[PDB]
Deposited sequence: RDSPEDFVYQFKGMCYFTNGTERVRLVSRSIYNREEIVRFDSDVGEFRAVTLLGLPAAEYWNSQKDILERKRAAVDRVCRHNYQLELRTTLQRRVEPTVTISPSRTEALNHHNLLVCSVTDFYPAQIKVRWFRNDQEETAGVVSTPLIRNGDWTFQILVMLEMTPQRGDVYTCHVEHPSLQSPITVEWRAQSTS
């Protein structure tokens, strides 16, 4: 197996409550060991391991490097957030909501597929005859498709009575009002 030597540099920005809290963390990484860090809360380079000590001391001795890094939370993070506000943070893709019955016979499982939505924040609930079901609900984790959409499968273990209406109920920032999709038991299982 060929040997490989890897370097990573990550200029990371953290935002909370709009730009009320903004934090820059610059990370230099050898293979998977973070070795040097610039955290705007700290205001100087810090050696995370011994391998990063010479770089941290050397960069901290360079006044021009320090003041650029210290301004970078505004110059980079806050500047780019204004662009995100007009683009990524405005991205609304409404979820597609689909119910299909399954087994694990007669049907004893319903799968609510909630697909192709953005952003990630979502609330999916199962109702049976207008009463929220809590037991018997199993969800996949939030699934990242990689194309700026997510999906999630929320499953309900069920023993259906003929006439029962099972409702998948989805809340999402793209929606003025929840999506509800109904599955109506046509027989008793």
query	finding
Stretches of the record's deposited sequence for which the structure holds no C-alpha atoms	1-2, 107-109
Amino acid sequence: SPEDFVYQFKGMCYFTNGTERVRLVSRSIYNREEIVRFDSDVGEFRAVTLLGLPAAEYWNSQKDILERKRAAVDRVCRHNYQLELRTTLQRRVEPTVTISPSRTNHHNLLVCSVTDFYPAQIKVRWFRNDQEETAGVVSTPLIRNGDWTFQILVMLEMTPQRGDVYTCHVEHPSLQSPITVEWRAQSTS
From here on, numbers count along this sequence of modelled residues.
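Heads up, when I say rigid core I mean the largest set of C-alphas that superpose within 1.5 Å between the two forms.
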property	result
Higher C-alpha RMS shift from the shown form in 6 other deposited structures of this protein - 121-129 or 157-165, rigid core fit	157-165
Check: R78 without coordinates in a third or more of other entries	no
Missing-residue flag, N105, threshold a third of other entries	yes
Higher-scoring stretch by recorded Cα B factor average, 156-164 or 32-40	156-164
Higher-scoring stretch by recorded Cα B factor average, 11-19 or 174-182	174-182
Given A47, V138, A120, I143, the residue at which the Cα B factor reaches its maximum	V138
Among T115, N80, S100, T88 - the residue whose C-alpha B-factor is largest in the record	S100
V93 by Cα B-factor - lowest, middle or highest third of the modelled chain	middle
Entry-reported Cα temperature factor of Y58, expressed as the chain third it lands in	highest
Cα B factor band for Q131 (lowest, middle or highest third within the chain)	highest
Relative C-alpha B-factor of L109, binned into the chain's lowest, middle or highest third	highest
